[PDB]
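>>> structure here, sequence nowhere to be found:
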């Protein structure tokens, strides 16, 4: 299982950033793709997830209304677009894999695979 | 929910044992408690899930335990690679919450 994210981005306040995450080594649509933010000197914050099979999403209240998650199964890639960027959106953004909610053994409760973080500076 | 890790910083010799604590503001099912290890310059990786179950590729030097509002991560023998930041994570109410992390 590999998760490969896009390179670092530098944006201005009010701009939007779209971070990609290319998945391989597993059935793409069999897992949820989560995004987790890590601001410098801070801990990990969950942003939301997308379910590639349905393109269904759920967002953390913190980012709801600013973050849009999409995916394209033909290239097994997930995307996270964070709009109206603020200076405090400077962070390393990770994509992470977790089981879907129908997983019997609660594999959805945790993130078993992470990509290399993508740094976005605002 | 609030996830509280302690101590913020832990320091001891290689070859020794370390215990990392994580406390919850409310009861957490063991199935919903996980631990991660984030080395300097690297993404977080899963160590423990379901409170006590090791993730694939994780040495048996790592173990987890606990229930309710009190969980721990134990490193029976610390190696140079183990001196990283560890996080506890909870799932519930359709949300994923991380602790502030502790540095070993």
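Cool, got the structure. Numbering: from 1, shown residues only, chains lettered A, B, ... in the order given.

>>> can we go C-alpha only for contacts and neighbour counts from here?
Noted.

>>> isn't residue B:90 up against residue B:31?
No - with contact defined as C-alpha atoms under 8 Å, residue B:90 does not count as touching residue B:31 (9.1 Å).

>>> mind listing the shared neighbours of those two?
Shared contacts of residue B:90 and residue B:31, defined by C-alpha atoms under 8 Å, 6 or more residues apart in numbering or on different chains, are found at residue A:109.

>>> determine the longest strand present in chain B.
Criterion DSSP state E: the longest strand present in chain B is strand B:62-75.

>>> does whichever helix or strand comes after that one reach chain A?
Note on strand B:62-75: by DSSP states H and E, the next helix or strand toward the C-terminus is strand B:85-92. Yes - applying C-alpha under 8 Å from any C-alpha of the partner chain, one finds strand B:85-92 touching chain A at B:89-92.

>>> starting from the helix or strand just after strand B:85-92, tell me which strands it pairs with and how they run.
Under the assignment DSSP H and E, the closest C-terminal helix or strand after strand B:85-92 is strand B:95-98. Using DSSP bridges, the strands paired with strand B:95-98 are strand B:85-92 (antiparallel).

>>> any idea how far the strand it pairs with is from the chain center?
7 Å (C-alpha atoms, centre = their mean, to the nearest Å).

>>> so which of the residues of strand B:85-92 next to chain A is the most crowded?
residue B:90 (26 neighbours; other C-alpha atoms under 10 Å in any protein chain shown).

>>> show me what the longest strand of chain B is packed against.
strand B:18-28, strand B:45-49, strand B:53-54 (3 or more C-alpha pairs under 8 Å, 6 or more residues apart in numbering or on different chains; DSSP states H and E).

>>> what about the residue nearest to the spatial centre of chain B, distance to residue A:10?
In chain B, the centroid-proximal residue (C-alpha atoms, centre = their mean) is residue B:35; its distance is 3.4 Å. According to C-alpha to C-alpha, to the nearest Å, residue B:35 and residue A:10 sit 31 Å apart.

>>> returning to what we had before: now do the one helix or strand the residue nearest to the centre of chain B maps to and strand B:18-28, the angle between them.
For residue B:35, the element it lies in under DSSP H and E is strand B:33-38. Relative orientation of strand B:33-38 and strand B:18-28, computed by axes from the mean of the first three to the mean of the last three C-alpha atoms, to 10 degrees: 140 degrees.
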